[PDB]
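The data below hold one chain only, encoded as structure tokens and taken in the form deposited in one PDB entry.
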């Protein structure tokens, strides 16, 4: 239709990819998926209530942390209901409801309405305690006053959606392979390797005679396998690889309609470079112009009580209580299997139990599917994200195992889906098929909530504009989401995508007009400013929503405050004005555009940091972390949130001494001066101690605590925070300037440094209580976030770091040891840091 085809062009521009393309495809799994996601989209949109969907109340059922009550020791909240002039400050109770609250206002005013926060697209509605709104806790945690404005409920009419209406051994013939360009140094040979895979696990492997690596190499040789056609499990993967490893490609032997792949195929392959999630994609290489290829032929159809002793039961248990990174063995597996009804009564044993299943045999898989049939213990157990996330990684390809995994996620409330959305989304790369429990689950949660949906949009978009391996799949999941969020949501995303395109065009140009040789010369300096105008004209929207912070709505770009950070690279530093007039602060909005870093690795790292707070919180601890917003929007490019009143530590040093040259007291001077009243400098020391320990533990477990001062920042208010995360040693950073702030010197004691270790070990062991969770996220971050890593050696770092095994009491000491190693280096390495880091 003249406009229907027009709408698709819209969704296409938003999505950054053309789902309506069938150029790079060899079947119809995608279309079937769009076809298939239509249902899930429909059930949810219909189900979602406009009354709450249009205001996305953001709340939690978790208990208000123990470190957030001193604020309210009078069981009285100081909400400050605004309006237009009369800002009456009502008093409510930590239990009152946005309804009751509206009462203590109209009850205090005499002779519909909703209370959204001032300067933010956040409403405080819904039958939920005023203490269960993340905002109220945000205000309580920052000493800020809980404000709010009396305004009418948003016309839900806006959340309007456009109208919607054999028992033979497996065989495989390798015809040959081809590549346009040949002339490559060596005159070596090459062979093809066909592997039948299921969950990383190879179930068979066949090769080919080493023929010379010429422009074209035909083999016309059948590759007979041992596995029988009735044993190939759903999810199985024919992994073709070229060795001389330089090229790989995959092809599911069992389609989406439960049929066995049969026919001629010309697969364009991915190039390798010298484990990670890309080697797993069922996608073919889009660039059929200069990429290796392989012709194969497929032609061969539906789909297919005593009690453990005591000593052995003592053996099974020792297996169960082991980290995920600890491999298994022929015996452990046979043990876990033969007693599959025993190990079944233990949820934590599911990952290991399913790793001992011989998927390459119909009979065994058949039994396995019968094991799952009864999930009393699992379905009844408390939700364990660690364990759940484990059944969604690269090791589980059976949809039924993975399926129960999503079954527990179903039990997650928004606030928790926000804490994991990113990894949940990265986990879709492990799914063997496009349409899946996990996708269906992400898609629904997106539609049911505008916050999750906003973040789903960018997380998926991040993958589509950068991942050839997984764009088609993500794009298809995105389009499905876009057709259910609403007309408003669309208007928003559109405005957002436009602003970034241009600001990204500006970003790359400036980087060009500026040589490696540090400059920020008059010229480029005059250029950026000149550039920031050709856009502020009309094209660049008068306003737009902030991708890393959905509430905030940026307006005009304050050219007068925009610049270009030094850095080898040339990140851009932009600032806008809040498009909301009801704001009660002068604070503009600072976003940092940059090119050069894999801004995805950053995202993941900040994601983990928010998961380390959440943990610390449940254990009543607060290490004041500042995981700033960051959204990767393309290959080596994205945006960064700008924390107000923050300075690099290095600059804090060279702000008293010299350049090339470190006064241990430089920091304590900055804090006292950059602070009005002493009552405040006291605070600053407080927030500095907590957040300081915070990045100490966190950065350590992650193995990213050895960084040059230039990547460490602090605020005039006391909060410190690391930055830059895209990839004499040391644990972390506890330099004399910090140590000094706490009040200490070479080997000493203090009311603060004592607090420092006091807060650390407590937060550290707290993390140790989530060893398995941390390991799994960690292990998923490498597989989808970093190049290609050994499925052992690289993940193993997290295992030694978190010191799995050791008794708490020891670890309690282990940390401190690492702490003393600090003094041992004083300014050693920090002074050294100019060279480089490796290994």
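Positions refer to the first chain, counted from 1. Only the largest set of C-alpha atoms that superpose within 1.5 Å between the two forms is called the rigid core.
Among other compared entries that model residues flanking residue 293, every one gives it coordinates, keeping it clear of the one-third cutoff. In the record comparison, residue 185 is unmodelled in at least a third of the other entries of this protein that model the residues flanking it. According to the entry, the deposited sequence places 10 or more unmodelled residues between residue 111 and residue 112. Coordinates are given for every deposited residue between residue 364 and residue 365; the gap count there is zero. A summary of the deposited B-factors shows that, of 549-557 and 663-671, the stretch with the larger mean C-alpha value is 663-671. If you average the C-alpha B-factors over 22-30 and over 60-68, the higher value belongs to 60-68. Residue-level inspection of the entry shows that, of 195, 656, 368, 356, 656 has the top Cα B-factor. For the set 772, 39, 779, 788, the PDB entry assigns the largest Cα B-factor to 788.
In the PDB entry, a CA B factor belonging to the lowest third of its chain's modelled residues is recorded for residue 454. Among all modelled residues in this chain, the alpha-carbon of residue 17 has a temperature factor (C-alpha) in the lowest third.
For residue 723, the recorded CA B-factor ranks within the lowest third of the chain. Only modelled residues enter the ranking. Looking at the C-alpha B-factors along this chain, the one for residue 405 belongs to the lowest third. When all modelled residues of the chain are sorted by CA temperature factor, residue 446 is found within the lowest third.
Here the subject shifts to the form deposited in another entry, a form of this protein not shown in this document.
Of the candidates 505, 491, 184, 314, the Cα that moves 2 angstroms or more after core superposition between the shown form and the other one belongs to 184 alone. Relative to the superposed core, residue 211 undergoes a Cα shift of 2 Å or more between the shown form and the other one.
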